[PDB]
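Trainee: Residue numbers (the working numbering): -9 to 83.
#1: Counting pairs of Cβ atoms below 8 Å between the stretch 11 to 27 and the stretch 66 to 77, do you hit three or more?
#2: At a cut of 8 Å, does the stretch 53 to 69 reach the stretch -2 to 6 through at least three beta carbon pairs?
#3: Can you tell me which of the three DSSP states residue 66 falls into?
#4: Here's the rule: buried if 16 or more other CB atoms are within 10 angstroms of the residue's CB, otherwise exposed. What is residue 19?
#5: Apply the 10 Å Cβ neighbour rule to residue 46 and answer buried if 16 or more other Cβ atoms are within range, or exposed otherwise.
#6: What is the C-beta distance between residue 77 and residue -2, in whole angstroms, given that I count them as a contact (C-beta under 8 Å)?
#7: Nearest to residue -7 by CA position, among 16, 42, 30, 21, is which residue?
#8: With the cut-off set at 8 Å, would you say residue 40 and residue 27 are in Cβ contact?
#9: Using the three-state DSSP reduction, which class does residue 13 fall into: helix, strand or coil?
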């Protein structure tokens, strides 16, 4: 389900978004694709928010060692950034 901030997002709820982003990216939509893209980057505040989405797709397509190649690896990239930056990341639930 979509939250408003990164702080209501559990890892799995975030991956849920990430899967929807995956979905709308591979389907190539616009309304929701653009929501999700922005939504993701606004909550993560990652400078390369969408570059992460976009690389995750390519990383999935190529698939070297699984990690990062899929929705559950976008989150994984965010958790480290958020933590390193010292920003509140995902919640538990």
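Built from N, CA and C at the ideal position, the CB exists for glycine as well.
Mentor: Put simply:
#1: Too few Cβ pairs lie closer than 8 Å, so no.
#2: Pairwise C-beta distances place the stretch 53 to 69 in contact with the stretch -2 to 6, as three or more of them are shorter than 8 Å.
#3: DSSP places residue 66 in helix when its eight states are reduced to three.
#4: So residue 19 ends up on the exposed side.
#5: With 16 or more other Cβ atoms within 10 Å, it is buried.
#6: In fact, because the Cβ distance is near 15 Å, the residues do not count as touching under 8 Å.
#7: Ranking 16, 42, 30, 21 by Cα distance to residue -7 puts 30 first.
#8: For residue 40 and residue 27, yes; Cβs fall inside 8 Å.
#9: Looking at residue 13 - three-state DSSP - the assignment turns out to be helix.
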